[PDB]
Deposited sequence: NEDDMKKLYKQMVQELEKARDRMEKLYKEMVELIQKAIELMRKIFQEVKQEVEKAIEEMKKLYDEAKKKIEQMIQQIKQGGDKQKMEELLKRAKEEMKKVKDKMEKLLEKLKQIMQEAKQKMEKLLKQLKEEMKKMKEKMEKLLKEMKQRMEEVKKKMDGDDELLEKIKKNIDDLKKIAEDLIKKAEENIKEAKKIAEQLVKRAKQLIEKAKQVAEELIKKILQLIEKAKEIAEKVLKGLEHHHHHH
């Protein structure tokens, strides 16, 4: 009985190792997910810091155009400068349009990477399961050994220890499935936090284009104010 107690605790000592290696696996996969999110956030912020310099670049140009309006003269020259302003503004809107499209594809890049991680997690959890089940087979066989050789309370002291270290394996498998099904949660939460940043960048871009429009309108009324007299 001791030689079938020794080897069973060897087996159990094996399953706790299988488990904790699956859980180390999961937690590193999660750290990969967070560095993936931080890369995305860094990129969204920089794109914003570029939409801002786009606006300022456009606004210096347009304000000095408006100065050319204050000192301008001809209906002609007026419409020509208004022309230059709608032109410069269109440039800026196009550039932002590019930036945001960049942000959408980076978002998609990070989401499909997170689904790849989660799938890897799932399969390695399957591999981890079937290894434990092979272990259960080895236990069942060495028990059939200890049967076919020595020939009733021992038999049942081992057949109840083999059914315990199976219960062990099922709890450890359920623990691992709670981890896979929690890391999944963290990944979807981190995709939410980044869709918020894509929708904030869209908003900075829209509001900056709105300020530029107010500038062409100011300049328009001013062109008419000098047009009047």
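K.L.:
What residue ranges of the deposited sequence are absent from the coordinates?
P.N.:
Seq positions lacking coordinates: 1 to 8, 160 to 161, 240 to 247.
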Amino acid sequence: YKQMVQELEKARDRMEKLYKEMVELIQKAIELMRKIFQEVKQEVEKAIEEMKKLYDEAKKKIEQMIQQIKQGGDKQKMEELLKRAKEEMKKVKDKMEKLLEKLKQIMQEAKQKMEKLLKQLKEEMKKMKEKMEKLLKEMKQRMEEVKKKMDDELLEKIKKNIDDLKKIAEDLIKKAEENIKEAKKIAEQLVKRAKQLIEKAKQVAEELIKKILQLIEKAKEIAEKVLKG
From here on, numbers count along this sequence of modelled residues.
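K.L.:
Could you check the entry and say whether 60 to 68 or 167 to 175 has the higher mean CA B-factor?
P.N.:
The stretch with the larger mean CA B-factor is 60 to 68.
K.L.:
Decide which of the stretches 49 to 57 and 156 to 164 has the higher mean C-alpha B-factor, going by the entry.
P.N.:
Of 49 to 57 and 156 to 164, the stretch with the higher C-alpha B-factor average is 156 to 164.
K.L.:
Using the temperature factors in the entry, find which of 147, 90, 126, 119 has the highest value at its Cα atom.
P.N.:
Max CA B-factor in the entry, restricted to 147, 90, 126, 119: 147.
K.L.:
Looking at 133, 94, 80, 109, which has the highest CA B-factor as recorded?
P.N.:
Most elevated C-alpha B-factor of the set, per the entry: 80.
K.L.:
Ranking the modelled residues of this chain by C-alpha B-factor as given in the entry, is residue 219 in the lowest, middle or highest third?
P.N.:
Tercile = highest for this residue's CA B-factor.
K.L.:
Quick one: classify residue 114 as lowest, middle or highest third of the chain based on its Cα B-factor.
P.N.:
Lowest third, going by the recorded CA B-factors of the chain.
K.L.:
Residue 74's Cα B-factor: lowest, middle or highest third of the chain?
P.N.:
Residue 74: CA B-factor falls in the highest third of its chain.
K.L.:
According to the PDB entry, is the CA B factor of residue 139 in the bottom, middle or top third of its chain, that is, lowest, middle or highest?
P.N.:
Its C-alpha B-factor belongs to the middle third of this chain's values.
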